[PDB]
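Ideal geometry is used to build each Cβ from the backbone, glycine not excepted, and the neighbour counts take in all protein chains shown. Derivation of every value follows stated rules applied to the coordinates shown; laboratory data play no part.
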Amino acid sequence: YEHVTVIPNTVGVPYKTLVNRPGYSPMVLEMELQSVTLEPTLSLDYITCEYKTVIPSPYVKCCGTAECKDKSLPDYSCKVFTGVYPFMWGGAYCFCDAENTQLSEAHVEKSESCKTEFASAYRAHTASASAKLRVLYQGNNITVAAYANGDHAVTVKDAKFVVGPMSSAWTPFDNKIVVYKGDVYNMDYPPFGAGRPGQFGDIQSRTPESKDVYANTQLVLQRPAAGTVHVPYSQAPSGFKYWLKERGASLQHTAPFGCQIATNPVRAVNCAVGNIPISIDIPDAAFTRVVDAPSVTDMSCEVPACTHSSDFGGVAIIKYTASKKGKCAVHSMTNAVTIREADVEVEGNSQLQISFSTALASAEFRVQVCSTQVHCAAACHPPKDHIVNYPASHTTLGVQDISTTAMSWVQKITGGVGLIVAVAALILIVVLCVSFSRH
Amino acid sequence: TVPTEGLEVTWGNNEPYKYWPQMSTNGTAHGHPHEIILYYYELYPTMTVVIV
Ligand SMILES: *[C@@H]1O[C@H](CO)[C@@H](O)[C@H](O)[C@H]1NC(C)=O
Ligand SMILES: *[C@@H]1O[C@H](CO)[C@@H](O)[C@H](O)[C@H]1NC(C)=O
């Protein structure tokens, strides 16, 4: 037989899925996923890196006036200055004074650091879904890695699991992601070829090997003075070397629902959102008929200790009478409580304990054990400590949870005065039966 | 403060800490005085006094 179920999307929390089948011994499984990985698409928009302003040695034309040559350089910036007067070892480099001119030119390139250190503005859209899970399967700890599409299923030990497709269409990203070497940022980058001055992406490249470079930096030359033989320029402010200080916070420390961010390739880890449908196909070679199954009867259930916490909340003890020695399973028949131990050994006329947890104080429930229904009831107590560092999702119960005899209390409250207003209607209509004949 | 959802706190370079609230401690009883109501201030408060 096969079975389709839904587990809540969370890590470190097992789930007891029943398999009941007509005329056969039932079989329970437990789901416990270790990593569900959301892996977004990859489409590179543009790399970016730290630039490099290169000027050569400046030209000097004394007893003459030099002039530029127009050239398609990355931020070509040239200027000829007059009235200048250089100084060196032997005073002035030239002879006359008022005619000494200086040609100057500046351009920009990438750096040597862009080979191995860079950020990248990046285009990423709706993800896949990978997952890794563990099941205990007749005492068999079984790992599984599978994608949550619907046809990357898995056959292990005559077991067909398929996971997905994910009901939760939510993602921890946007359409625009910048990434640098250990983190991502849900950021809004400027497009290609329109980089702002003083911003990462002032210089832009399509690949790490693109010689065609876009630049927007305004290396604006200034006037050199007497003796100051050099090239004065307006400094281009970087993008990186203050953008490293204006990071804000990475998506590692502001993701919703505790989504971790890995790298190479970048992926979301343990995004606990919503729920996953899981289908199991296991054929009939693995089952057993009930004639070979040790069936039990005459159960008496009592709960001598229950504490409604997120931990192993309580231990109940139930007395059984087994037909013969063997193994069989237990499971709740209500989604409020949950039961830790899947199957259990039975031998004869004895009793067994079972650990369970819940949220509702008046624990009124039923346990299915070994193709037999048993009824139980108790009243629990609140735990005596406030915080903890592990949850267990039995507690996720609504507003139709079960209160105590407070139910009988509020049943006593709704007494009602409908009876007195009914006798009011009857006394007014016995006034009106003076003549209320044919209305 | 901790929400009913849960907290997570990172301190320095070290490993993160996770936190969750229990059904906290106390407050009245299943008592002979009626008084389950302060168990309410235990059990998910600040709503549901709209219900009373
Ligand atoms: C060093 O940088 C190169 C450049 O892309 C990268 O491929 C490589 O993985 C990096 N190695 C380490 C150890 O960071
Ligand atoms: C299966 O693995 C879990 C966690 O690794 C462990 O707690 C449990 O005892 C194991 N059970 C068996 C039967 O190996």
*Within the range A:194-217, count every residue that is among the aromatic types (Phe, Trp, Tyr) and assigned to a strand (DSSP E or B).*
1
*asked:* Restricting to the range A:221-251, name every residue that is within 14 Å of chain B (Cβ to nearest Cβ) and surrounded by 16 or more Cβ atoms within 10 Å (Cβ to Cβ).
replied: A:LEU251
*Kindly indicate whether A:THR37 is out of contact with any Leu (no Cβ under 9 Å at 6 or more places or on another chain), touching a residue at least 24 places away in the same chain (Cβ under 8 Å) and over 24 Å from A:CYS114 (Cα atoms).*
yes
*Filter result (assigned to a loop (DSSP other than H, G, I, E, B), of a type in the set (D, E, K, R) and under 30 Å from A:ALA131 (Cβ atoms)) within the range A:238-295*: A:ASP284
*Of all residues in the range B:1-35, which are among the β-branched types (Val, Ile, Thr), surrounded by 10 or more Cβ atoms within 10 Å (Cβ to Cβ) and under 25 Å from B:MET47 (Cβ atoms)?*
B:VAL2, B:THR25, B:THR28
*Collect the residues in the range A:46-76 that are loosely packed, with under 11 Cβ neighbours inside 10 Å and polar (S, T, N, Q), keeping them in residue-number order.*
A:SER57, A:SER72
_Residue list for the range A:289-333, restricted to those being surrounded by fewer than 14 Cβ atoms within 10 Å (Cβ to Cβ) and of a type in the set (S, T, N, Q)_ = A:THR297, A:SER300, A:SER323
_Please pick out the residue among A:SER357, A:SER362 that is of a type outside the set (A, V, I, L, M), in contact with a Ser or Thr (Cβ under 7 Å, 6 or more places away or on another chain), in contact (Cβ under 8 Å) with a residue 24 or more places away in the chain and within 10 Å of another protein chain (Cβ to nearest Cβ)._
A:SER362
*Looking at the range A:115-135, is at least one residue more than 16 Å from ligand 2 (Cβ to nearest atom), over 23 Å from A:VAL28 (Cα atoms) and free of Cβ contacts under 8 Å to residues at least 24 places away in the same chain?*
yes
*Scanning the range A:366-394 for residues that are within 18 Å of A:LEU352 (Cα to Cα) and within 14 Å of chain B (Cβ to nearest Cβ), which turns out surrounded by the most Cβ atoms within 10 Å (Cβ to Cβ)?*
A:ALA378
*Quick one: A:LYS115 ticks every box in (1) at negative phi; (2) in contact with a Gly (Cβ under 9 Å, 6 or more places away or on another chain); (3) of a type outside the set (A, V, I, L, M, F, W, C) except a single one, so which number is it?*
(2)
